[PDB]
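Participant: Enclosed is the structure file target_39.json (JSON, C-alpha atoms and all ligand atoms).
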```
[["chain", "number", "residue", "atom", "x", "y", "z"],
["A", 1, "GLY", "CA", -152.48, -152.84, 56.49],
["A", 2, "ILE", "CA", -151.16, -150.15, 54.13],
["A", 3, "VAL", "CA", -147.88, -152.04, 53.50],
["A", 4, "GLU", "CA", -149.78, -155.15, 52.41],
["A", 5, "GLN", "CA", -152.22, -153.24, 50.16],
["A", 6, "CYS", "CA", -149.75, -150.82, 48.53],
["A", 7, "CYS", "CA", -146.17, -152.13, 48.98],
["A", 8, "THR", "CA", -146.54, -155.93, 48.83],
["A", 9, "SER", "CA", -149.63, -155.84, 46.63],
["A", 10, "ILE", "CA", -150.26, -152.84, 44.34],
["A", 11, "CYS", "CA", -152.66, -149.92, 44.84],
["A", 12, "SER", "CA", -153.93, -146.74, 43.16],
["A", 13, "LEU", "CA", -154.09, -143.17, 44.49],
["A", 14, "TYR", "CA", -157.78, -143.83, 45.27],
["A", 15, "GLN", "CA", -156.75, -146.55, 47.74],
["A", 16, "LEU", "CA", -154.24, -144.14, 49.35],
["A", 17, "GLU", "CA", -157.15, -141.76, 50.19],
["A", 18, "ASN", "CA", -158.22, -144.35, 52.79],
["A", 19, "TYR", "CA", -155.28, -143.37, 55.00],
["A", 20, "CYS", "CA", -155.94, -139.61, 55.00],
["A", 21, "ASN", "CA", -156.95, -138.00, 58.31],
["B", 1, "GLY", "CA", -148.79, -124.72, 30.67],
["B", 2, "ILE", "CA", -149.27, -127.51, 33.23],
["B", 3, "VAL", "CA", -145.69, -127.36, 34.55],
["B", 4, "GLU", "CA", -145.96, -123.62, 35.29],
["B", 5, "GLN", "CA", -149.54, -123.73, 36.65],
["B", 6, "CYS", "CA", -148.71, -126.40, 39.26],
["B", 7, "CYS", "CA", -145.86, -124.22, 40.58],
["B", 8, "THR", "CA", -147.20, -120.65, 40.20],
["B", 9, "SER", "CA", -150.78, -121.43, 41.29],
["B", 10, "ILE", "CA", -152.28, -124.92, 41.85],
["B", 11, "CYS", "CA", -153.16, -128.00, 39.84],
["B", 12, "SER", "CA", -155.03, -131.27, 40.44],
["B", 13, "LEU", "CA", -153.94, -134.89, 40.04],
["B", 14, "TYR", "CA", -156.63, -135.19, 37.35],
["B", 15, "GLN", "CA", -154.86, -132.48, 35.31],
["B", 16, "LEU", "CA", -151.59, -134.45, 35.64],
["B", 17, "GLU", "CA", -153.29, -137.56, 34.16],
["B", 18, "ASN", "CA", -153.38, -135.75, 30.80],
["B", 19, "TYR", "CA", -149.59, -136.12, 30.46],
["B", 20, "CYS", "CA", -149.38, -139.91, 30.95],
["B", 21, "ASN", "CA", -148.90, -142.26, 28.01],
["C", 1, "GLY", "CA", -148.36, -126.87, 65.26],
["C", 2, "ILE", "CA", -145.31, -129.01, 64.45],
["C", 3, "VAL", "CA", -145.94, -129.05, 60.69],
["C", 4, "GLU", "CA", -146.06, -125.24, 60.51],
["C", 5, "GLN", "CA", -143.17, -124.63, 62.95],
["C", 6, "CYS", "CA", -140.73, -126.80, 60.98],
["C", 7, "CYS", "CA", -141.49, -124.78, 57.82],
["C", 8, "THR", "CA", -142.00, -121.22, 59.13],
["C", 9, "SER", "CA", -139.18, -121.31, 61.71],
["C", 10, "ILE", "CA", -137.17, -124.41, 62.78],
["C", 11, "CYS", "CA", -137.74, -127.69, 64.58],
["C", 12, "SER", "CA", -135.58, -130.52, 65.94],
["C", 13, "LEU", "CA", -135.59, -134.26, 65.23],
["C", 14, "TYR", "CA", -136.51, -134.74, 68.90],
["C", 15, "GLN", "CA", -139.72, -132.74, 68.34],
["C", 16, "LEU", "CA", -140.54, -134.99, 65.35],
["C", 17, "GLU", "CA", -140.25, -138.10, 67.60],
["C", 18, "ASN", "CA", -143.48, -136.99, 69.32],
["C", 19, "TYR", "CA", -145.49, -137.89, 66.19],
["C", 20, "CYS", "CA", -144.29, -141.50, 65.81],
["C", 21, "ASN", "CA", -146.46, -144.43, 66.87],
["D", 1, "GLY", "CA", -118.16, -148.63, 56.03],
["D", 2, "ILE", "CA", -121.41, -146.65, 56.02],
["D", 3, "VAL", "CA", -123.08, -149.02, 53.50],
["D", 4, "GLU", "CA", -122.37, -152.02, 55.73],
["D", 5, "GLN", "CA", -123.55, -150.31, 58.93],
["D", 6, "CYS", "CA", -126.68, -148.59, 57.57],
["D", 7, "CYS", "CA", -127.70, -150.21, 54.24],
["D", 8, "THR", "CA", -126.76, -153.89, 54.68],
["D", 9, "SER", "CA", -127.18, -153.85, 58.45],
["D", 10, "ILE", "CA", -129.51, -151.31, 60.10],
["D", 11, "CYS", "CA", -128.62, -148.08, 61.91],
["D", 12, "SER", "CA", -130.18, -145.16, 63.81],
["D", 13, "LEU", "CA", -129.81, -141.40, 63.26],
["D", 14, "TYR", "CA", -127.23, -141.43, 66.09],
["D", 15, "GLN", "CA", -125.00, -143.72, 63.99],
["D", 16, "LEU", "CA", -125.40, -141.37, 60.99],
["D", 17, "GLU", "CA", -123.85, -138.53, 63.08],
["D", 18, "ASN", "CA", -120.53, -140.39, 62.76],
["D", 19, "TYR", "CA", -120.30, -139.37, 59.09],
["D", 20, "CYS", "CA", -120.87, -135.63, 59.63],
["D", 21, "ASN", "CA", -117.95, -133.29, 58.86],
["E", 1, "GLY", "CA", -118.78, -122.16, 47.82],
["E", 2, "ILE", "CA", -120.42, -124.78, 45.60],
["E", 3, "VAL", "CA", -123.30, -125.48, 48.01],
["E", 4, "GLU", "CA", -124.28, -121.80, 48.16],
["E", 5, "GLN", "CA", -123.73, -121.08, 44.43],
["E", 6, "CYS", "CA", -126.07, -123.90, 43.31],
["E", 7, "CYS", "CA", -128.85, -122.46, 45.50],
["E", 8, "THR", "CA", -128.33, -118.67, 45.27],
["E", 9, "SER", "CA", -127.47, -118.60, 41.54],
["E", 10, "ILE", "CA", -126.80, -121.65, 39.30],
["E", 11, "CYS", "CA", -124.24, -124.42, 38.94],
["E", 12, "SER", "CA", -123.46, -127.17, 36.42],
["E", 13, "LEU", "CA", -123.18, -130.94, 36.82],
["E", 14, "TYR", "CA", -119.52, -130.57, 35.81],
["E", 15, "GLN", "CA", -118.94, -128.33, 38.86],
["E", 16, "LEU", "CA", -120.54, -131.02, 41.07],
["E", 17, "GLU", "CA", -118.05, -133.63, 39.75],
["E", 18, "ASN", "CA", -115.31, -131.81, 41.69],
["E", 19, "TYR", "CA", -116.79, -133.05, 45.00],
["E", 20, "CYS", "CA", -116.84, -136.78, 44.17],
["E", 21, "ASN", "CA", -114.22, -139.15, 45.58],
["F", 1, "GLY", "CA", -135.95, -148.92, 26.37],
["F", 2, "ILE", "CA", -134.86, -146.59, 29.19],
["F", 3, "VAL", "CA", -135.65, -149.18, 31.91],
["F", 4, "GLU", "CA", -133.40, -151.75, 30.22],
["F", 5, "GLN", "CA", -130.52, -149.30, 29.65],
["F", 6, "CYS", "CA", -130.58, -147.50, 33.02],
["F", 7, "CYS", "CA", -132.53, -149.61, 35.57],
["F", 8, "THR", "CA", -131.75, -153.22, 34.58],
["F", 9, "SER", "CA", -128.36, -152.39, 33.07],
["F", 10, "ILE", "CA", -126.44, -149.30, 34.26],
["F", 11, "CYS", "CA", -126.09, -145.91, 32.55],
["F", 12, "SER", "CA", -124.43, -142.50, 32.95],
["F", 13, "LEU", "CA", -125.95, -139.00, 32.85],
["F", 14, "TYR", "CA", -124.78, -138.79, 29.21],
["F", 15, "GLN", "CA", -127.08, -141.71, 28.33],
["F", 16, "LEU", "CA", -129.98, -139.97, 30.13],
["F", 17, "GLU", "CA", -129.62, -136.99, 27.73],
["F", 18, "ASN", "CA", -131.04, -139.28, 25.02],
["F", 19, "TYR", "CA", -134.50, -139.03, 26.62],
["F", 20, "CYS", "CA", -134.64, -135.22, 26.80],
["F", 21, "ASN", "CA", -137.24, -133.46, 24.63],
["G", 1, "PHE", "CA", -128.36, -133.30, 65.43],
["G", 2, "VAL", "CA", -128.78, -129.96, 63.64],
["G", 3, "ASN", "CA", -132.02, -127.96, 63.73],
["G", 4, "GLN", "CA", -134.41, -128.61, 60.84],
["G", 5, "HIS", "CA", -136.04, -126.33, 58.27],
["G", 6, "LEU", "CA", -138.56, -128.58, 56.55],
["G", 7, "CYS", "CA", -141.54, -127.75, 54.30],
["G", 8, "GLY", "CA", -144.11, -129.89, 52.50],
["G", 9, "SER", "CA", -142.94, -133.37, 51.51],
["G", 10, "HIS", "CA", -139.50, -132.80, 53.10],
["G", 11, "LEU", "CA", -141.08, -132.89, 56.55],
["G", 12, "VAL", "CA", -142.84, -136.17, 55.66],
["G", 13, "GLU", "CA", -139.45, -137.57, 54.57],
["G", 14, "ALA", "CA", -137.94, -136.54, 57.92],
["G", 15, "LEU", "CA", -140.84, -138.17, 59.80],
["G", 16, "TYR", "CA", -140.17, -141.45, 57.97],
["G", 17, "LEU", "CA", -136.45, -141.26, 58.82],
["G", 18, "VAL", "CA", -137.16, -140.60, 62.52],
["G", 19, "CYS", "CA", -140.08, -143.02, 63.00],
["G", 20, "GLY", "CA", -139.40, -145.63, 60.31],
["G", 21, "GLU", "CA", -141.63, -148.72, 60.32],
["G", 22, "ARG", "CA", -143.03, -147.83, 63.75],
["G", 23, "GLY", "CA", -145.13, -145.38, 61.75],
["G", 24, "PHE", "CA", -146.24, -141.80, 62.26],
["G", 25, "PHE", "CA", -149.10, -139.31, 62.04],
["G", 26, "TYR", "CA", -148.78, -136.27, 59.76],
["G", 27, "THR", "CA", -151.09, -133.73, 61.42],
["G", 28, "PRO", "CA", -151.12, -130.22, 59.89],
["G", 29, "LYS", "CA", -153.93, -127.66, 60.36],
["G", 30, "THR", "CA", -156.72, -126.33, 58.07],
["H", 1, "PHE", "CA", -154.20, -143.48, 37.85],
["H", 2, "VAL", "CA", -152.26, -146.76, 38.01],
["H", 3, "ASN", "CA", -151.69, -149.56, 40.49],
["H", 4, "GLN", "CA", -147.99, -149.75, 41.43],
["H", 5, "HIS", "CA", -145.74, -150.79, 44.31],
["H", 6, "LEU", "CA", -145.28, -147.96, 46.79],
["H", 7, "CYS", "CA", -142.90, -148.78, 49.65],
["H", 8, "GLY", "CA", -141.15, -146.93, 52.48],
["H", 9, "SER", "CA", -140.52, -143.23, 51.86],
["H", 10, "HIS", "CA", -142.16, -143.44, 48.42],
["H", 11, "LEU", "CA", -145.39, -144.61, 50.02],
["H", 12, "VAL", "CA", -145.38, -141.71, 52.53],
["H", 13, "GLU", "CA", -144.64, -139.30, 49.65],
["H", 14, "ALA", "CA", -147.69, -140.69, 47.83],
["H", 15, "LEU", "CA", -149.79, -140.20, 50.99],
["H", 16, "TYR", "CA", -148.67, -136.58, 51.27],
["H", 17, "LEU", "CA", -149.55, -135.98, 47.60],
["H", 18, "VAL", "CA", -153.04, -137.51, 47.95],
["H", 19, "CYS", "CA", -153.91, -136.20, 51.45],
["H", 20, "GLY", "CA", -151.76, -133.06, 51.91],
["H", 21, "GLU", "CA", -153.51, -130.47, 54.11],
["H", 22, "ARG", "CA", -155.86, -133.15, 55.48],
["H", 23, "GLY", "CA", -152.94, -135.08, 56.98],
["H", 24, "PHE", "CA", -152.52, -138.86, 57.12],
["H", 25, "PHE", "CA", -151.41, -141.82, 59.21],
["H", 26, "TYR", "CA", -148.65, -144.23, 58.16],
["H", 27, "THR", "CA", -149.03, -147.26, 60.42],
["H", 28, "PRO", "CA", -147.24, -150.25, 58.83],
["H", 29, "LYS", "CA", -147.62, -152.35, 62.03],
["H", 30, "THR", "CA", -151.35, -152.80, 61.25],
["I", 1, "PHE", "CA", -135.31, -143.00, 66.63],
["I", 2, "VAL", "CA", -135.33, -146.41, 64.90],
["I", 3, "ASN", "CA", -132.86, -148.71, 63.21],
["I", 4, "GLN", "CA", -133.78, -149.17, 59.54],
["I", 5, "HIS", "CA", -132.18, -149.89, 56.16],
["I", 6, "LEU", "CA", -130.96, -146.70, 54.51],
["I", 7, "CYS", "CA", -129.48, -147.24, 51.03],
["I", 8, "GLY", "CA", -128.36, -145.09, 48.10],
["I", 9, "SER", "CA", -130.05, -141.70, 47.81],
["I", 10, "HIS", "CA", -132.13, -142.38, 50.94],
["I", 11, "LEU", "CA", -128.96, -142.80, 52.97],
["I", 12, "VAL", "CA", -127.51, -139.48, 51.69],
["I", 13, "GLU", "CA", -130.87, -137.81, 52.44],
["I", 14, "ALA", "CA", -130.62, -139.13, 56.01],
["I", 15, "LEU", "CA", -127.06, -137.77, 56.27],
["I", 16, "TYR", "CA", -128.21, -134.33, 55.11],
["I", 17, "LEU", "CA", -131.03, -134.37, 57.69],
["I", 18, "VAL", "CA", -128.71, -135.34, 60.57],
["I", 19, "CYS", "CA", -125.63, -133.27, 59.58],
["I", 20, "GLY", "CA", -127.01, -130.39, 57.45],
["I", 21, "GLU", "CA", -124.91, -127.22, 57.86],
["I", 22, "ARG", "CA", -122.00, -129.27, 59.25],
["I", 23, "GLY", "CA", -121.68, -131.21, 56.00],
["I", 24, "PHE", "CA", -120.88, -134.91, 55.60],
["I", 25, "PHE", "CA", -118.95, -137.52, 53.64],
["I", 26, "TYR", "CA", -120.59, -140.41, 51.78],
["I", 27, "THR", "CA", -117.79, -142.86, 51.02],
["I", 28, "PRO", "CA", -119.29, -146.31, 50.29],
["I", 29, "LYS", "CA", -115.91, -147.66, 49.06],
["I", 30, "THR", "CA", -114.68, -147.79, 52.69],
["J", 1, "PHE", "CA", -126.69, -130.87, 30.43],
["J", 2, "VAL", "CA", -128.79, -127.93, 31.64],
["J", 3, "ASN", "CA", -127.64, -125.56, 34.39],
["J", 4, "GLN", "CA", -128.79, -126.46, 37.90],
["J", 5, "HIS", "CA", -130.71, -124.55, 40.57],
["J", 6, "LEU", "CA", -130.44, -126.77, 43.63],
["J", 7, "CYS", "CA", -131.11, -126.04, 47.32],
["J", 8, "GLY", "CA", -130.90, -128.16, 50.47],
["J", 9, "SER", "CA", -131.49, -131.88, 49.98],
["J", 10, "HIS", "CA", -131.93, -131.44, 46.20],
["J", 11, "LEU", "CA", -128.23, -130.65, 45.87],
["J", 12, "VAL", "CA", -127.38, -133.79, 47.87],
["J", 13, "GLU", "CA", -129.59, -135.80, 45.48],
["J", 14, "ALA", "CA", -127.71, -134.32, 42.50],
["J", 15, "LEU", "CA", -124.36, -135.17, 44.11],
["J", 16, "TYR", "CA", -125.45, -138.80, 44.47],
["J", 17, "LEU", "CA", -126.56, -138.92, 40.82],
["J", 18, "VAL", "CA", -123.24, -137.45, 39.60],
["J", 19, "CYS", "CA", -120.87, -139.34, 41.93],
["J", 20, "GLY", "CA", -122.87, -142.50, 42.70],
["J", 21, "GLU", "CA", -121.07, -145.23, 44.66],
["J", 22, "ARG", "CA", -117.70, -143.50, 44.17],
["J", 23, "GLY", "CA", -118.97, -141.25, 46.96],
["J", 24, "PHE", "CA", -118.84, -137.53, 47.64],
["J", 25, "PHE", "CA", -118.25, -134.80, 50.20],
["J", 26, "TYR", "CA", -121.04, -132.34, 51.02],
["J", 27, "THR", "CA", -119.12, -129.25, 52.18],
["J", 28, "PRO", "CA", -121.22, -126.14, 52.92],
["J", 29, "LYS", "CA", -120.08, -123.21, 55.10],
["J", 30, "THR", "CA", -120.99, -122.01, 58.64],
["K", 1, "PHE", "CA", -157.69, -135.65, 46.25],
["K", 2, "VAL", "CA", -156.35, -132.29, 47.44],
["K", 3, "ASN", "CA", -155.13, -129.59, 45.05],
["K", 4, "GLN", "CA", -151.39, -129.63, 44.33],
["K", 5, "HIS", "CA", -148.66, -127.00, 44.66],
["K", 6, "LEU", "CA", -145.68, -128.59, 42.93],
["K", 7, "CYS", "CA", -142.41, -127.06, 41.69],
["K", 8, "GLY", "CA", -139.34, -128.52, 39.97],
["K", 9, "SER", "CA", -138.61, -132.16, 40.77],
["K", 10, "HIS", "CA", -141.70, -132.43, 43.01],
["K", 11, "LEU", "CA", -143.94, -132.18, 39.95],
["K", 12, "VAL", "CA", -141.91, -134.95, 38.25],
["K", 13, "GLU", "CA", -142.41, -137.10, 41.38],
["K", 14, "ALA", "CA", -146.18, -136.49, 41.21],
["K", 15, "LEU", "CA", -146.22, -137.41, 37.50],
["K", 16, "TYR", "CA", -144.54, -140.74, 38.32],
["K", 17, "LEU", "CA", -147.08, -141.43, 41.08],
["K", 18, "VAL", "CA", -150.04, -140.66, 38.79],
["K", 19, "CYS", "CA", -148.76, -142.34, 35.60],
["K", 20, "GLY", "CA", -146.42, -145.01, 36.99],
["K", 21, "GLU", "CA", -144.98, -147.49, 34.49],
["K", 22, "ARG", "CA", -147.40, -146.33, 31.78],
["K", 23, "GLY", "CA", -144.96, -143.43, 31.48],
["K", 24, "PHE", "CA", -145.32, -139.70, 30.99],
["K", 25, "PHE", "CA", -144.07, -136.61, 29.18],
["K", 26, "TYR", "CA", -142.62, -133.71, 31.17],
["K", 27, "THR", "CA", -143.28, -130.71, 28.90],
["K", 28, "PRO", "CA", -142.37, -127.28, 30.32],
["K", 29, "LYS", "CA", -141.76, -124.14, 28.22],
["K", 30, "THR", "CA", -138.61, -122.16, 27.26],
["L", 1, "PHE", "CA", -120.09, -139.20, 35.99],
["L", 2, "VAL", "CA", -120.74, -142.85, 36.89],
["L", 3, "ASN", "CA", -122.82, -145.74, 35.60],
["L", 4, "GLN", "CA", -125.38, -146.79, 38.23],
["L", 5, "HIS", "CA", -128.84, -148.36, 38.51],
["L", 6, "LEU", "CA", -131.57, -145.75, 38.23],
["L", 7, "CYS", "CA", -135.09, -147.14, 38.67],
["L", 8, "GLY", "CA", -138.61, -145.77, 39.12],
["L", 9, "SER", "CA", -138.84, -142.32, 40.69],
["L", 10, "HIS", "CA", -135.04, -142.10, 40.96],
["L", 11, "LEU", "CA", -134.74, -142.50, 37.21],
["L", 12, "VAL", "CA", -137.29, -139.71, 36.54],
["L", 13, "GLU", "CA", -135.44, -137.51, 39.08],
["L", 14, "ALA", "CA", -132.23, -138.13, 37.11],
["L", 15, "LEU", "CA", -134.02, -137.19, 33.88],
["L", 16, "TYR", "CA", -135.26, -133.94, 35.40],
["L", 17, "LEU", "CA", -131.72, -133.11, 36.59],
["L", 18, "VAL", "CA", -130.17, -133.78, 33.16],
["L", 19, "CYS", "CA", -132.96, -132.35, 30.95],
["L", 20, "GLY", "CA", -134.77, -129.80, 33.16],
["L", 21, "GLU", "CA", -136.17, -126.90, 31.11],
["L", 22, "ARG", "CA", -135.91, -128.97, 27.91],
["L", 23, "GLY", "CA", -138.37, -131.55, 29.26],
["L", 24, "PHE", "CA", -138.22, -135.32, 28.80],
["L", 25, "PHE", "CA", -140.20, -138.48, 28.12],
["L", 26, "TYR", "CA", -140.31, -141.46, 30.49],
["L", 27, "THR", "CA", -141.71, -144.34, 28.46],
["L", 28, "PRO", "CA", -140.81, -147.65, 30.17],
["L", 29, "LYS", "CA", -143.15, -149.63, 27.85],
["L", 30, "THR", "CA", -140.63, -149.19, 24.99],
["M", 1, "CL", "CL", -138.34, -127.08, 47.76],
["M", 2, "CL", "CL", -136.16, -148.40, 46.32],
["M", 3, "ZN", "ZN", -138.03, -129.62, 47.60],
["M", 4, "ZN", "ZN", -136.10, -145.09, 46.58]]
```
The structure in this file should be written as structure tokens.

Facilitator:
Amino acid sequence: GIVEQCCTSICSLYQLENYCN
Amino acid sequence: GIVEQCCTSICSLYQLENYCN
Amino acid sequence: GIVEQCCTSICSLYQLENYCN
Amino acid sequence: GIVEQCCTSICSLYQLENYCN
Amino acid sequence: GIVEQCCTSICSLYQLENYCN
Amino acid sequence: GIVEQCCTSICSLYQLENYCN
Amino acid sequence: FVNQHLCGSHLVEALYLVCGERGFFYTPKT
Amino acid sequence: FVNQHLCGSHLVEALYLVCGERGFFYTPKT
Amino acid sequence: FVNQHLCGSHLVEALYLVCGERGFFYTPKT
Amino acid sequence: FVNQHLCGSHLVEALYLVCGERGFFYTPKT
Amino acid sequence: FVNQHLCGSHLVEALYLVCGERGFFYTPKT
Amino acid sequence: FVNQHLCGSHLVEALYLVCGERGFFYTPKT
């Protein structure tokens, strides 16, 4: 999930758009 | 400039990219 | 809703619990 | 103290009320 | 007091030192 | 640099003044 | 607990403190 | 934009920045 | 409400949220 | 140092930066 | 991305999120 | 004022507090 993609691994602001409503 | 625009009106994340190294 | 109430007037931490998983 | 209860161990918002004035 | 002065007008970091342990 | 002085090692607010414009 | 006056990212911070790693939905309007 | 480690409250702050008005879901048990 | 790790500035933010107007003491040397 | 305009949780953040792990008292009124 | 309304330290937070460990310059006026 | 570990967004927050109107540079690749 988000923790694995962005906290454990790294991610850009583009990848954060995936979790917008 | 950018600092004042973001606060007084609005700015985009793409405008903020200009101030990175 | 909740987001607007907390900012325009006030809200409680118990109201914020409603939006947890 | 607070660091041991909440930072080293874990604590809820109820436990944080203990340190209010 | 200090809390209200910092928000209503201005305060310095030297004034904030007074409230440390 | 700043990361070495303040994040890896420790630093005061006086040392942070060095990185003001 | 005291009543909360929270705008923008400060509300999101409060949601994280209340919900933690359970997670939460931030659901504003238009 | 860069790839960095965003965890906890910093990650939810980043979500608010990117999504804002649209809202978002923070579901770390997924 | 959940049990989580609150450290440093995040812990004092949590204290402000819970206590607010009442005030609080952050004394980690205790 | 520059003069500070700090409200709500931003003052608490500044107190943590100034005092650190010495600790501090956040003492507002009514 | 949504448009941003950012004042004071919130802009600095956004700059860190966008630039990360590349770094950035915070350049206001007078 | 104390010596403490300031990292990431907390370090840039500390820079904003100290420098404010003057501005600052956060260049961790130096
Ligand atoms: Cl604000
Ligand atoms: Cl951290
Ligand atoms: Zn704010
Ligand atoms: Zn942090």

Participant: All residues within 7 Å of ligand ZN 4 (chain M) are required, counting all atoms listed in the file; please report them as an mmCIF file with C-alpha atoms, in the frame of the given file.

Facilitator:
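Dumped to selection_28.cif:
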```cif
data_model
loop_
_atom_site.group_PDB
_atom_site.id
_atom_site.type_symbol
_atom_site.label_atom_id
_atom_site.label_comp_id
_atom_site.auth_asym_id
_atom_site.auth_seq_id
_atom_site.Cartn_x
_atom_site.Cartn_y
_atom_site.Cartn_z
ATOM 1 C CA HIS H 10 -142.160 -143.440 48.420
ATOM 2 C CA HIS I 10 -132.130 -142.380 50.940
ATOM 3 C CA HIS L 10 -135.040 -142.100 40.960
#
```

Participant: Report, to one decimal in Å, the C-alpha RMSD of chain C against chain F after an in-order least-squares superposition over all those atoms.

Facilitator: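 Fitting chain C to chain F over paired C-alpha atoms yields 1.2 Å.
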
Participant: Residues within 9 Å of ligand CL 2 (chain M) (all atoms listed in the file), as an MDAnalysis selection string?

Facilitator: (chainID H and resid 7:10) or (chainID I and resid 7:8 10) or (chainID L and resid 7:10)

Participant: May I have chain H as a CSV table (one decimal) with C-alpha atoms, in the coordinates of the input, after a least-squares superposition on chain J that uses all C-alpha atoms paired in order?

Facilitator:
```csv
chain,number,residue,atom,x,y,z
H,1,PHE,CA,-126.7,-130.7,30.9
H,2,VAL,CA,-128.2,-127.5,32.2
H,3,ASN,CA,-127.3,-124.9,34.9
H,4,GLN,CA,-130.1,-124.8,37.5
H,5,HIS,CA,-130.7,-124.1,41.2
H,6,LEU,CA,-130.0,-127.1,43.3
H,7,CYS,CA,-130.7,-126.6,47.0
H,8,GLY,CA,-131.0,-128.7,50.2
H,9,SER,CA,-132.0,-132.3,49.6
H,10,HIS,CA,-132.2,-131.8,45.9
H,11,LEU,CA,-128.5,-130.8,45.8
H,12,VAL,CA,-127.5,-133.9,47.8
H,13,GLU,CA,-129.6,-136.0,45.4
H,14,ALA,CA,-127.8,-134.5,42.5
H,15,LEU,CA,-124.4,-135.3,44.2
H,16,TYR,CA,-125.4,-138.9,44.7
H,17,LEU,CA,-126.5,-139.1,41.0
H,18,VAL,CA,-123.2,-137.6,39.7
H,19,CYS,CA,-120.8,-139.3,42.3
H,20,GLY,CA,-122.6,-142.5,43.4
H,21,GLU,CA,-120.1,-145.2,44.3
H,22,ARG,CA,-117.3,-142.7,44.6
H,23,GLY,CA,-119.0,-140.9,47.4
H,24,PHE,CA,-119.2,-137.2,48.1
H,25,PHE,CA,-119.0,-134.4,50.7
H,26,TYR,CA,-121.8,-131.9,51.3
H,27,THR,CA,-120.2,-129.1,53.3
H,28,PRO,CA,-122.4,-126.0,53.1
H,29,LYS,CA,-120.4,-124.2,55.9
H,30,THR,CA,-117.5,-123.7,53.4
```

Participant: Mind listing whatever residues come within 9 Å of the point (-136.7, -149.4, 30.9)? Use only C-alpha atoms, file coordinates, and give them as an MDAnalysis selection string.

Facilitator: (chainID F and resid 1:8) or (chainID L and resid 7 26:30)

Participant: Counting all atoms listed in the file, which residues come within 9 Å of (-121.0, -130.5, 41.4), with the point read in the file's coordinates, and could you list them as a tab-separated table (two decimals) with C-alpha atoms, in the coordinates of the input?

Facilitator:
```
chain	number	residue	atom	x	y	z
E	2	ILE	CA	-120.42	-124.78	45.60
E	3	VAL	CA	-123.30	-125.48	48.01
E	6	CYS	CA	-126.07	-123.90	43.31
E	11	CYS	CA	-124.24	-124.42	38.94
E	12	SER	CA	-123.46	-127.17	36.42
E	13	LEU	CA	-123.18	-130.94	36.82
E	14	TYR	CA	-119.52	-130.57	35.81
E	15	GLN	CA	-118.94	-128.33	38.86
E	16	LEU	CA	-120.54	-131.02	41.07
E	17	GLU	CA	-118.05	-133.63	39.75
E	18	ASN	CA	-115.31	-131.81	41.69
E	19	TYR	CA	-116.79	-133.05	45.00
E	20	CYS	CA	-116.84	-136.78	44.17
J	11	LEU	CA	-128.23	-130.65	45.87
J	14	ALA	CA	-127.71	-134.32	42.50
J	15	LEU	CA	-124.36	-135.17	44.11
J	18	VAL	CA	-123.24	-137.45	39.60
J	19	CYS	CA	-120.87	-139.34	41.93
```

Participant: For CA of residue 6 in chain G and CA of residue 22 in chain I, quote the distance in Å rounded to one decimal.

Facilitator: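 It comes out at 16.8 Å.
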
Participant: If I wrap all listed atoms of range 3-21 of chain C in a box with edges along x, y and z and add 8 Å on each side, what are its centre and edge lengths in Å to one decimal, as AutoDock Vina command-line options?

Facilitator:
```
--center_x -141.0 --center_y -132.8 --center_z 63.6 --size_x 26.9 --size_y 39.2 --size_z 27.5
```

Participant: What's the separation between CA of residue 17 in chain K and CA of residue 2 in chain H, in Å to one decimal place?

Facilitator: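 Taking CA of residue 17 in chain K and CA of residue 2 in chain H, their separation equals 8.0 Å.
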
Participant: Report, in Å to a single decimal, how far apart atom CL of ligand CL 1 (chain M) and CA of residue 21 in chain I are.

Facilitator: 16.8 Å

Participant: Write out as a ChimeraX atom specification each polymer residue whose atoms come within 8 Å of residue 12 in chain L, counting all atoms listed in the file; drop sequence neighbours fewer than 5 positions from it.

Facilitator: /K:12-13,16 /L:26

Participant: As a PyMOL selection string, please: the residues near residue 10 in chain F (cut-off 6 Å, only C-alpha atoms, same-chain neighbours under 5 positions excluded).

Facilitator: chain L and resi 3-5

Participant: Using the structure block above, produce a file of range 3-8 of chain L that contains N, CA, C and O atoms, as a CSV table (one decimal), in the first residue's frame.

Facilitator:
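Result file is selection_22.csv:
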```csv
chain,number,residue,atom,x,y,z
L,3,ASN,N,21.3,22.7,21.4
L,3,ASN,CA,21.8,21.9,20.2
L,3,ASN,C,21.0,20.7,20.2
L,3,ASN,O,20.9,19.9,21.1
L,4,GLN,N,20.3,20.5,19.0
L,4,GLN,CA,19.5,19.3,18.8
L,4,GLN,C,19.6,18.8,17.3
L,4,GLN,O,20.1,19.6,16.5
L,5,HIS,N,19.1,17.6,17.1
L,5,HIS,CA,19.1,17.1,15.7
L,5,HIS,C,17.9,17.7,14.9
L,5,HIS,O,16.7,17.4,15.3
L,6,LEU,N,18.2,18.4,13.9
L,6,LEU,CA,17.1,18.9,13.0
L,6,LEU,C,17.3,18.3,11.6
L,6,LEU,O,18.4,18.6,11.0
L,7,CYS,N,16.4,17.6,11.1
L,7,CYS,CA,16.5,16.8,9.9
L,7,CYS,C,15.2,17.0,9.0
L,7,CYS,O,14.1,17.2,9.5
L,8,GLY,N,15.5,17.1,7.7
L,8,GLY,CA,14.4,17.1,6.7
L,8,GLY,C,13.5,18.4,6.8
L,8,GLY,O,14.0,19.5,6.7
```
